[PDB]
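Worksheet: one structure, shown below.
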Amino acid sequence: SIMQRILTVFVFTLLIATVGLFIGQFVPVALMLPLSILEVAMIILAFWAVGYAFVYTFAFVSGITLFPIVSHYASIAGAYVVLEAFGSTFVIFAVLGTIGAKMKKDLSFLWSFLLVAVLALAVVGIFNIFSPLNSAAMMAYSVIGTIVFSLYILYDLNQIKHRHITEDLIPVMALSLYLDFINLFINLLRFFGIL
Ligand SMILES: [Pt+2]
Ligand SMILES: [Pt+2]
Ligand SMILES: [Pt+2]
């Protein structure tokens, strides 16, 4: 059920994200920033169990505040960069995720590394907001992002197969997927753009 319920939730959050992007282009800037802060707040709070309403709210908000990067890279490198990026994200998600659904060996150890990795990304990202890195650094940083988050997709579906995830845990667990998805998309899209 979990591999049928949680997945459905994830895809639903994808739909809501899409609506958030479509609406997001109409959303005036300077109001994007507090939505971003709200996004970080929801992330920190959820993983400090959040219900469906929380998840979908964050889905809409995240769907909105991703518009700047989307429109930027589309308007500098072509709409294809965005599309190819999206499809690529989809494929890596499907393949590596499926591997998560099949491979027996409990990938619970790497949880340490993975965490250390995301935190690392966070560090760089934080630094990046204050003192921006050159394109050369953005490329590397992006590649690392793609790797770490592909790993997080894999690991996540593996834990869906293994760990005693109660029914009620459905939303926040599906949220763990959505973040792993969105983050890959960005780091994979930005990769295509710099090229
Ligand atoms: Pt399944
Ligand atoms: Pt395996
Ligand atoms: Pt979990």
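By order in the structure tokens, chains are A, B, ...; within a chain, residues start at 1; ligands start at 1, following the order shown.
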Closest atom pairs, residues of chain A within 7 Å of ligand 1, only C-alpha atoms and all ligand atoms, as a tab-separated table:
```
residue	atom	partner	partner_atom_place_in_ligand_line	distance
A:2	CA	ligand 1	1 (Pt)	6.9
A:3	CA	ligand 1	1 (Pt)	3.8
A:4	CA	ligand 1	1 (Pt)	6.1
A:101	CA	ligand 1	1 (Pt)	6.5
```
Kindly export the residues of the current selection with N, CA and C atoms, as a CSV table (one decimal), in the first residue's frame.
```csv
chain,number,residue,atom,x,y,z
A,2,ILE,N,1.9,1.2,0.8
A,2,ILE,CA,2.8,2.4,1.0
A,2,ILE,C,3.4,2.8,-0.4
A,3,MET,N,3.9,1.8,-1.1
A,3,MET,CA,4.5,2.0,-2.4
A,3,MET,C,3.4,2.3,-3.5
A,4,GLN,N,2.1,2.3,-3.0
A,4,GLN,CA,1.0,2.7,-3.9
A,4,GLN,C,0.3,4.0,-3.3
A,101,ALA,N,13.4,0.3,-4.9
A,101,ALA,CA,12.3,-0.6,-4.6
A,101,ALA,C,12.7,-2.0,-4.7
```
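Residues within 12 Å of residue 113 in chain A, counting only C-alpha atoms and excluding same-chain residues fewer than 6 positions away, are residues 107, 119, 120, 148, 149, 151, 152 and 155 of chain A.
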Would you export the selected residues with C-alpha atoms as a PDB file, in the first residue's frame, please?
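Result file follows (part-v7.pdb):
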```pdb
ATOM      1  CA  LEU A 107      20.767   1.176   2.751  1.00  0.00           C
ATOM      2  CA  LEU A 119      24.301  19.653   5.053  1.00  0.00           C
ATOM      3  CA  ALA A 120      27.446  20.248   2.998  1.00  0.00           C
ATOM      4  CA  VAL A 148      23.825  13.446  -3.618  1.00  0.00           C
ATOM      5  CA  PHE A 149      20.167  13.815  -4.525  1.00  0.00           C
ATOM      6  CA  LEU A 151      21.464   8.936  -3.920  1.00  0.00           C
ATOM      7  CA  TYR A 152      18.698  10.381  -1.753  1.00  0.00           C
ATOM      8  CA  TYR A 155      17.956   5.514  -0.462  1.00  0.00           C
TER       9      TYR A 155
END
```
Open item on the list: Taking only C-alpha atoms and all ligand atoms into account, which residues have an atom no farther than 12 Å from ligand 3? I'd like them as a ChimeraX atom specification.
Closed with: /A:2,6,46-47,49,108,111,152-153,155-177
Writing out the chosen residues with N, CA and C atoms as a compact mmCIF listing (two decimals), in the first residue's frame:
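Saved to selection_34.txt:
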```
# COMPACT_ATOMS: atom_id res chain seq x y z
N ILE A 2 1.91 1.23 0.82
CA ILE A 2 2.81 2.37 0.96
C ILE A 2 3.45 2.76 -0.37
N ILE A 6 1.94 6.37 -0.79
CA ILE A 6 2.95 7.43 -0.71
C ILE A 6 3.36 7.93 -2.09
N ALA A 46 9.21 20.59 9.41
CA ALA A 46 8.74 19.25 9.08
C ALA A 46 9.74 18.16 9.47
N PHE A 47 11.03 18.51 9.47
CA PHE A 47 12.07 17.52 9.72
C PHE A 47 12.87 17.80 10.99
N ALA A 49 3.89 14.36 13.15
CA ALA A 49 4.17 14.25 11.73
C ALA A 49 3.20 15.11 10.92
N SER A 108 20.61 1.65 5.14
CA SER A 108 20.39 2.49 6.31
C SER A 108 21.68 3.12 6.82
N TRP A 111 22.75 6.65 5.29
CA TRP A 111 21.96 7.75 5.84
C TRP A 111 22.86 8.76 6.51
N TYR A 152 19.82 10.22 -2.67
CA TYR A 152 18.70 10.38 -1.75
C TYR A 152 17.40 9.78 -2.29
N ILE A 153 17.20 9.86 -3.60
CA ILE A 153 16.06 9.20 -4.23
C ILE A 153 16.14 7.69 -3.99
N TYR A 155 18.06 5.79 -1.89
CA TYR A 155 17.96 5.51 -0.46
C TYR A 155 16.53 5.63 0.05
N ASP A 156 15.84 6.70 -0.33
CA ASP A 156 14.48 6.92 0.13
C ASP A 156 13.54 5.79 -0.27
N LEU A 157 13.52 5.44 -1.55
CA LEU A 157 12.64 4.34 -1.94
C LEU A 157 13.04 3.02 -1.28
N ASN A 158 14.34 2.83 -1.06
CA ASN A 158 14.81 1.67 -0.31
C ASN A 158 14.22 1.62 1.10
N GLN A 159 14.16 2.76 1.77
CA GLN A 159 13.59 2.81 3.10
C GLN A 159 12.07 2.65 3.06
N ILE A 160 11.47 3.03 1.94
CA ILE A 160 10.05 2.77 1.74
C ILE A 160 9.83 1.26 1.71
N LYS A 161 10.74 0.54 1.07
CA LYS A 161 10.66 -0.92 1.03
C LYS A 161 10.89 -1.56 2.40
N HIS A 162 11.78 -0.97 3.20
CA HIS A 162 12.22 -1.61 4.45
C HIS A 162 11.59 -1.06 5.73
N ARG A 163 12.07 0.11 6.16
CA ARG A 163 11.73 0.68 7.47
C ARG A 163 10.25 0.62 7.84
N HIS A 164 9.98 0.35 9.11
CA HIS A 164 8.61 0.26 9.60
C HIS A 164 7.94 1.62 9.55
N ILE A 165 7.46 1.98 8.36
CA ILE A 165 6.76 3.24 8.17
C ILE A 165 5.27 3.05 8.38
N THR A 166 4.75 3.56 9.49
CA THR A 166 3.33 3.46 9.79
C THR A 166 2.51 4.18 8.73
N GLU A 167 1.20 3.92 8.71
CA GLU A 167 0.32 4.53 7.72
C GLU A 167 0.30 6.05 7.84
N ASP A 168 0.15 6.55 9.06
CA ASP A 168 0.05 7.98 9.32
C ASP A 168 1.26 8.76 8.81
N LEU A 169 2.40 8.08 8.71
CA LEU A 169 3.63 8.72 8.28
C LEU A 169 3.64 9.05 6.79
N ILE A 170 2.59 8.66 6.08
CA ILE A 170 2.50 8.88 4.63
C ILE A 170 2.91 10.28 4.11
N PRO A 171 2.36 11.37 4.68
CA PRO A 171 2.69 12.69 4.13
C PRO A 171 4.17 13.07 4.24
N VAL A 172 4.69 13.14 5.46
CA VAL A 172 6.07 13.59 5.68
C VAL A 172 7.09 12.70 4.96
N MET A 173 6.76 11.42 4.82
CA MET A 173 7.61 10.50 4.07
C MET A 173 7.58 10.84 2.59
N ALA A 174 6.40 11.19 2.08
CA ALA A 174 6.25 11.58 0.69
C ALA A 174 6.91 12.93 0.46
N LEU A 175 6.94 13.74 1.52
CA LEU A 175 7.62 15.03 1.47
C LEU A 175 9.12 14.83 1.32
N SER A 176 9.63 13.77 1.95
CA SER A 176 11.04 13.41 1.84
C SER A 176 11.38 13.10 0.39
N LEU A 177 10.43 12.53 -0.33
CA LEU A 177 10.60 12.24 -1.75
C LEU A 177 10.61 13.52 -2.57
```
- [ ] Grab me every residue within 10 Å of ligand 2, counting only C-alpha atoms and all ligand atoms, and send it over as a PyMOL selection string.
- [x] chain A and resi 99-107+158
Task: DSSP alpha helix (DSSP H) residues within chain A, as a PyMOL selection string - done: chain A and resi 2-24+32-46+52-65+67-77+79-102+111-130+135-161+170-194
Task: Shortest interatomic distance to residue 15 in chain A - which of A:41, A:178, A:141, A:94, counting only C-alpha atoms - done: A:178
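In this structure, CA of residue 79 in chain A sits 15.8 Å away from CA of residue 18 in chain A.
In this comparison, which uses only C-alpha atoms, the residue of A:117, A:194, A:97, A:40 approaching residue 134 in chain A most closely is A:194.
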